[PDB]
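Colleague: Protein chains in written order, with PDB author numbering: chain A, 2 to 134, 138 to 171; chain A', 2 to 134, 138 to 171. A prime marks a further copy of an entry chain.
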Ligand SMILES: O=C(O)c1ccc(COc2ccc3c(c2)CCC3)o1
Ligand SMILES: O=C(O)c1ccc(COc2ccc3c(c2)CCC3)o1
């Protein structure tokens with residue numbers, strides 16, 4: 002709760018289990034990691050008074066997903082921008098000190114109404130925590149490219165599992 | 002409309018633009034391609050009488066996404082199983098003979114209530130086309149692993165763009 006911003010090296014440390022400890026929430030490592038930095042994280046403020054994350058991914062034409070998606074028509078997969086928002090809600094649960102392994106549980110409405118091209122510079126993620134309740141978080145999120153909102157997600161859900169025995 | 006099943010080599014040909022032609026719907030190439038085969042595609046039957054796709058992805062412990070997602074806790078990303086369902090709805094629009102480039106436009110409710118582990122053998126996707134209406141398709145979908153339903157998506161939307169001038 003004391004650290005309110007994270008560098009890429011902090012996120013890579015998180016991906017090895019060395020930020021929140023083994024058996025606790027982990028970001029993916031490359032090439033599934035869809036965040037370079039967490040600019041802001043808090044458990045107060047945001048749209049619902051329950052905290053907020055702002056994170057960034059730098060874009061350059063050589064990122065792996067442009068060449069295969071699609072050949073002659075490069076565009077960052079919508080599913081990976083959506084996954085960044087699940088990655089951030091999971092990070093929030095870990096950052097609050099909750100134990101267990103993170104899984105996305107789904108979302109209400111997702112809309113893709115724009116695209117990240119290899120000429121873009123920066124994708125920004127805004128997450129508004131709605132409720133924390138296994139331990140799970142519900143959040144709304146946007147994805148923006150160079151100032152332009154392009155995706156929205158309502159009711160993003162991520163849970164932490166300490167025991168899967170009964171499921 | 003004459004071909005009702007597709008091999009991996011057919012899907013790779015689709016990913017190069019050589020199945021539906023340049024400027025038309027393309028599957029991603031590896032490593033974003035989340036389908037090995039289309040077992041069944043039709044424009045009649047399915048849950049709503051508007052056709053159906055059944056597709057498969059073989060699972061083995063060496064698939065790239067297991068090592069990075071997550072370190073010491075391998076699980077196929079939920080976002081990639083969801084993306085397979087968008088990939089299949091886009092394939093359906095191309096298979097019907099519609100021109101233009103495919104984009105996911107989003108979904109209503111997505112639920113992840115199980116997981117694909119590196120011990121699994123086969124993921125199966127079931128897509129029920131709800132409505133075709138730019139040209140877009142609305143569908144419901146499930147992801148199953150070795151017979152067990154693990155994800156559901158309602159209101160998957162994919163559109164084809166012949167012109168982006170006005171957007
Ligand atoms: O992975 C995808 O299918 C994906 C990524 C982003 C999108 C959304 O694509 C869009 C969505 C809306 C518009 C455009 C493209 C250009 C014209 C307006 O789809
Ligand atoms: O990429 C993900 O976060 C992801 C993939 C699949 C899931 C869902 O994870 C789940 C969802 C439900 C259950 C388990 C795991 C084991 C106990 C029951 O989340």
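Positions of the beta carbon are idealized from the N, C-alpha and C atoms, including for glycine.
1. I'd like to know whether the C-beta atoms of residue 157 of chain A and residue 112 of chain A end up nearer to each other than 9 Å.
2. Return the residues of the region 93 to 125 of chain A' that lie within a Cβ-Cβ distance of less than 9 Å from chain A, sorted by chain order.
3. What residues of chain A' sit near residue 72 of chain A, judged by a beta carbon separation below 7 Å?
4. Buried or exposed for residue 63 of chain A', going by 16 or more other Cβ atoms inside 10 Å?
5. Can you grab the Cα-Cα spacing for the pair residue 130 of chain A / residue 45 of chain A', in whole Å?
6. In terms of alpha-carbon separation, which member of A'/59, A'/104, A'/69 and A'/21 lies closest to residue 80 of chain A?
7. Please report how far the alpha carbon of residue 20 of chain A' lies from the alpha carbon of residue 34 of chain A', in whole angstroms.
8. Just to confirm, is the Cβ distance from residue 100 of chain A to residue 25 of chain A under 9 Å?
9. Can the beta-carbon of residue 148 of chain A be found closer than 9 Å to that of residue 125 of chain A?
10. How many Å lie between residue 95 of chain A and residue 27 of chain A at the Cα?
11. Check distances from the C-beta atoms of the region 31 to 45 of chain A' to those of chain A and list, in chain order, the residues that come in under 7 Å.
12. At the level of alpha carbons, what is the spacing between residue 12 of chain A' and residue 69 of chain A'?
13. Name the two residues that bound the continuous beta strand (DSSP E) containing residue 161 of chain A.
14. Give me the residue from A'/127, A'/170, A'/167 and A'/163 with the minimum Cα distance to residue 151 of chain A'.
15. Taking 8 Å as the line, does the beta carbon of residue 15 of chain A' fall inside it for any heavy atom of ligand 2?
16. Just the Cα atoms here: how many angstroms apart are residue 37 of chain A and residue 7 of chain A?
17. Go through its chain and collect everything with a Cβ distance to residue 30 of chain A's Cβ below 6 Å, but skip five positions before and after it.
18. Count the other CB atoms within 10 Å of the CB of residue 88 of chain A; is the residue buried (16 or more) or exposed (fewer)?
Modeller: The structure says:
1. On the first chain, residue 157 of chain A is found 153 positions in, with the first residue counted as 1. On the first chain, residue 112 of chain A is found 111 positions in, with the first residue counted as 1. Yes.
2. 102, 103, 104, 105, 106, 107, 108, 109, 110, 111, 112, 113, 114, 115 and 116
3. Here residue 72 of chain A is taken as the residue at index 71 of the first chain, counted from 1. Within chain A', the residues near residue 72 of chain A are 16, 17, 18, 27 and 30.
4. Against the second chain, residue 63 of chain A' aligns to sequence position 62. The residue is exposed, with fewer than 16 neighbouring Cβ atoms inside 10 Å.
5. Taking the first chain and counting its residues from 1, the one referred to as residue 130 of chain A is at position 129. Taking the second chain and counting its residues from 1, the one referred to as residue 45 of chain A' is at position 44. Whole-angstrom Cα-Cα distance: 43 Å.
6. In the first chain, residue 80 of chain A corresponds to position 79, counting from 1. Checked all of A'/59, A'/104, A'/69 and A'/21; the closest Cα to residue 80 of chain A is A'/104.
7. For the purposes of this step, residue 20 of chain A' is taken as the residue at position 19 of the second chain. For the purposes of this step, residue 34 of chain A' is taken as the residue at position 33 of the second chain. Whole-angstrom Cα-Cα distance: 15 Å.
8. Here residue 100 of chain A corresponds to residue number 99 of the first chain, with the count starting at 1. Here residue 25 of chain A corresponds to residue number 24 of the first chain, with the count starting at 1. Yes, the pair counts as a contact, with Cβ atoms nearer than the cut-off.
9. Taking the first residue of the first chain as position 1, residue 148 of chain A is located at position 144. Taking the first residue of the first chain as position 1, residue 125 of chain A is located at position 124. The answer is yes: Cβ separation under 9 Å.
10. Start at 1 with the first residue of the first chain, and residue 95 of chain A comes out as number 94. Start at 1 with the first residue of the first chain, and residue 27 of chain A comes out as number 26. In this structure, the CA atom of residue 95 of chain A is about 8 Å from the CA atom of residue 27 of chain A.
11. 31, 32 and 33
12. Taking the second chain and counting its residues from 1, one reaches residue 12 of chain A' at position 11. Taking the second chain and counting its residues from 1, one reaches residue 69 of chain A' at position 68. Each residue's alpha carbon lies about 25 Å from the other.
13. If you number the first chain from 1, residue 161 of chain A lands on position 157. Note, residue 161 of chain A: beta strand (DSSP E), 152 to 165.
14. Mapped onto the second chain, residue 151 of chain A' falls at position 147. Taking only the C-alpha atoms, the option nearest residue 151 of chain A' is A'/127.
15. By one-based count along the second chain, residue 15 of chain A' stands at place 14. Residue 15 of chain A': no, Cβ never under 8 Å from ligand 2.
16. Numbered from 1 along the first chain, position 36 holds the residue referred to as residue 37 of chain A. Numbered from 1 along the first chain, position 6 holds the residue referred to as residue 7 of chain A. Rounded to the nearest angstrom, the two C-alpha atoms are 9 Å apart.
17. Within the first chain, residue 30 of chain A is the residue found at index 29, counting from 1. Same-chain partners within the cutoff: 16.
18. Residue numbering aside, residue 88 of chain A sits at position 87 when the first chain is read from its first letter. Classification of residue 88 of chain A: buried, given that the 10 Å Cβ count is 16 or more.
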